[PDB]
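A short write-up of the structure that comes next.
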Amino acid sequence: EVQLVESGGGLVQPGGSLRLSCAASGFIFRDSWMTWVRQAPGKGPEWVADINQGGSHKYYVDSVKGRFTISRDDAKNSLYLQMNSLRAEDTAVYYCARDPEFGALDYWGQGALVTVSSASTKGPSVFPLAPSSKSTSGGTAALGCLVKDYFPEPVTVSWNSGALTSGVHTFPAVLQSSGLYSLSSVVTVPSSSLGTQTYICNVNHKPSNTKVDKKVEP
Amino acid sequence: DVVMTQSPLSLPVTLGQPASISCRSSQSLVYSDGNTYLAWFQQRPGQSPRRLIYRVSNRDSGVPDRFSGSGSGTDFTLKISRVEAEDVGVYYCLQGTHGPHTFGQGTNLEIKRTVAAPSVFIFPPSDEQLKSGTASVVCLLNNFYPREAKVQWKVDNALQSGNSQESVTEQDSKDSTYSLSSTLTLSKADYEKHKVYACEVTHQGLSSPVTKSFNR
Ligand SMILES: OC[C@H]1O[C@H](O[C@@H]2[C@@H](O)[C@H](O)O[C@H](CO)[C@@H]2O)[C@H](O)[C@@H](O)[C@H]1O
Ligand SMILES: [Cl-]
Ligand SMILES: [Cl-]
Ligand SMILES: [Cl-]
Ligand SMILES: [Cl-]
Ligand SMILES: [Cl-]
Ligand SMILES: [Cl-]
Ligand SMILES: [Cl-]
């Protein structure tokens, strides 16, 4: 199975530097032309940089020429992107990808969000959305977690460490008037299972190294 | 740089019916080796892009023959013979003939389906939040279609304005529905001044506007 696992996303102020990494597996990395593309919020993909099999040819789009550096370590099956002198326009989800021929990218990483912004890092507050007669609809109950006042994106939410996925909706983050983000994650369960089954939301906000396990009770 | 222009910008389709997406380049995409390098990608909500078509008409190994690519020179078409629910999302063309490689702006494929009224849930603020000084009241609408819905907040039967925000999920990859959250934000002191908090929902699926209330 082919995997490309990226890391290093996060927040840096304008003029700063950040380093992304892309760890491959499942194919012969040394024999692959490799690529970085990015997607700005609400837009489509755009090229950033690529590197051929020996590392002898490095291409950069005009906007990042002289500020970004692409490199590879074949013995570690790793692709790197060193970003310097970052601008707000560089804010995007960055994807590493394998290029078999002429931009027809066939294997993609999971994405890494780079935010370029001067605002402070703020870890979220997690509040329960408790099930009650008012979160009942027929034979079903809704419960959730309110992940409030964090910066920057992203936060991830899972339920019972990933074992609970049916009926789950984690909403996209909302920009609040304060400039901080907020989101809710909710799950619909049979109301008969309340008081029997435990429900825990796992909130992760890496930029502030916040990992929370909040038990949501009726 | 080569300009890739896609049309339509949004395409409403019902399951089982065909769909067509066009893509135009500002230059010919014939490379000096005689091949034309045009690919199509699909981005499902909250996921990485995924390759469908390349070299104008080659289908990716994990992509069924329902998808087909066609065209020449600067005019290209992606066709889905029968649309499935998992086809929802944004589609991009990409030329690789010239450097830099350029993507289209995207075409949103939207699934039309039968009306589904929302289930409505309301949550009072938690006591942990109240200890901090602010009150959030959350109204939830789950698994509805179409997307258009009206959510009004009433505090002691007074209509609210300017103190609530909405978040809407993208159309689901399995059942093709939406979910929506509306959040009323108030100081603790303002929250403790009133008694009845109501979320009124207007949707085509409901038998009439629905209200979910609680007494603080
Ligand atoms: O060297 C010119 C060209 O290199 C990269 O695109 C190449 C493509 O030309 C080659 O034939 O195929 C590989 C696939 O492995 C790459 O897609 C750059 O992306 C491009 O900007 C240009 O610089
Ligand atoms: Cl800034
Ligand atoms: Cl987020
Ligand atoms: Cl489950
Ligand atoms: Cl960070
Ligand atoms: Cl219509
Ligand atoms: Cl239907
Ligand atoms: Cl009720």
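None of the figures in this text is laboratory data; all of them are computed from the coordinates on show. When we count neighbours, we look across all protein chains shown, and the Cβ atoms used for this are built from the backbone with ideal geometry, even at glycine.
Key figures for this structure:
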| read-out | value |
| --- | --- |
| Kirkwood Rh, Cα atoms: Rg over Rh of the stretch A:128-218 | 0.99 |
| Gaussian network model of chain A, Cα within-10 Å springs - most flexible of A:93, A:61, A:37 | A:61 |
| Pairs beyond 22 Å (Cα-Cα), from A:122/A:148; A:122/A:211; A:211/B:188; B:154/B:212; A:148/A:206; A:215/B:131 | A:211/B:188 |
| Within the protein assembly as shown, helix-based [θ] at 222 nm, where runs of 4 or more DSSP H residues each add -39,500 (n - 2.57), nearest 500 | -500 deg cm²/dmol |
| Hz values of 3J(HN,Hα) by residue in the stretch A:200-208 - Karplus curve (6.51, -1.76, 1.60), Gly and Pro given as x | 10, 9, 9, 9, 10, 10, 4, x, 10 |
| Amide H contacts of residue B:15 (H built 1.01 Å from N, under 5 Å, at least 5 apart or other chain) | B:112 |
| Order of B:178, A:95 under a 10 Å beta carbon neighbour criterion, fewest first | B:178, A:95 |
| Considering only chain A, percent of DSSP beta bridges that pair antiparallel, nearest 5 | 95 percent |
| The stretch A:3-116: Rg to Rh, with Rh as the Kirkwood radius over Cα pairs | 0.93 |
| Gap separating the Cα centres of the stretch B:70-143 and the stretch A:139-218, nearest whole Å | 20 Å |
| Residue-wise HN-Hα coupling along the stretch B:124-131, computed from phi with Karplus coefficients 6.51, -1.76, 1.60 (Hz; x: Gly, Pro) | x, x, 7, 5, 5, 5, 4, 4 |
| Amide H within-cut-off set for residue B:135, under 5 Å, with H built and near neighbours excluded | B:186, B:187, B:188 |
| Residues whose placed amide H lies under 5 Å from that of residue B:116, excluding near-sequence neighbours | B:145 |
| 3J(HN,Hα) from dihedral phi, the stretch A:93-103, Karplus parametrisation 6.51/-1.76/1.60, rounded to Hz, x for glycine, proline | 8, 9, 10, 8, 7, 8, 10, x, 5, 6, x |
| Rh (Kirkwood; distinct C-alpha pairs) - the protein assembly as shown, Å | 23.8 Å |
| Debye intensity ratio I(q)/I(0), log10, chain A, q values 0.12, 0.13, 0.15, 0.18 Å⁻¹ (C-alpha model) | -0.74, -0.83, -0.98, -1.18 |
| Cα shape, the stretch A:71-114, gyration tensor, a/c 1.5 rule | oblate |
| Distance from the stretch A:67-137 to the stretch B:184-216 (C-alpha centre basis), Å | 37 Å |
